[PDB]
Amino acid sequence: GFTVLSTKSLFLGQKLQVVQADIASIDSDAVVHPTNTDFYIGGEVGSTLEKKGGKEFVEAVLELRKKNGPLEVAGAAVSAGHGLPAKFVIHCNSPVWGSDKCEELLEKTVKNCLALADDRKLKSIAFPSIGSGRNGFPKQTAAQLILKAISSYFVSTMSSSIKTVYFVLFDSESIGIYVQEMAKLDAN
């Protein structure tokens, strides 16, 4: 349904791909929803997911909020992808640019998301731009950290079931930034 703009195949077999589309429409096993400690769903990603999933999507998040309690910084939690093409929604609470250890916390956020996907043996995960924008990270800084974390995760987790990682972006600058950063991984 969509078109891949750039592909980076890591040495361990994972395919990282940049795509420009509605992240809520992507048929990936998991979709990442950047949120806050209270599972707020008004973000741009949250909005498109609620648009797609409607009541079902929202109920699932409301139930998760109840069971999980406040989502700590860099924490991630999963709700069933009811009402969405994605099988699961992985909610994450990224640190805010400027926090004491915001950079290492952004990397941790990403790793926590990937870990939750592997816990369910998922084969694909779609990430929107995290950290930058809402949470204040410069776009390039966020991109570098996220890719560094993903790269690090795969060379540290041998049993990983994740075969495809999508970066779903909307603006040209973000696309340009991600393709540049992605090209730096396993390029020897």
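From 1 onward, residues are counted along the sequence shown.
Comparing the deposited coordinates for 40-48 and 121-129, the stretch with the larger average C-alpha B-factor is 40-48. Annotation for 68-76 versus 88-96: the higher mean temperature factor (C-alpha) is found in 68-76. Remark: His33 belongs to the lowest third of its chain, ranked by C-alpha B-factor as recorded. Placement of the Cα temperature factor of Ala21 within the chain: highest third of the modelled residues, per the deposited record. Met158: CA B factor lies in the highest third for its chain, per the PDB record.
When the modelled residues of the chain are ordered by C-alpha B-factor, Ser172 sits in the highest third.
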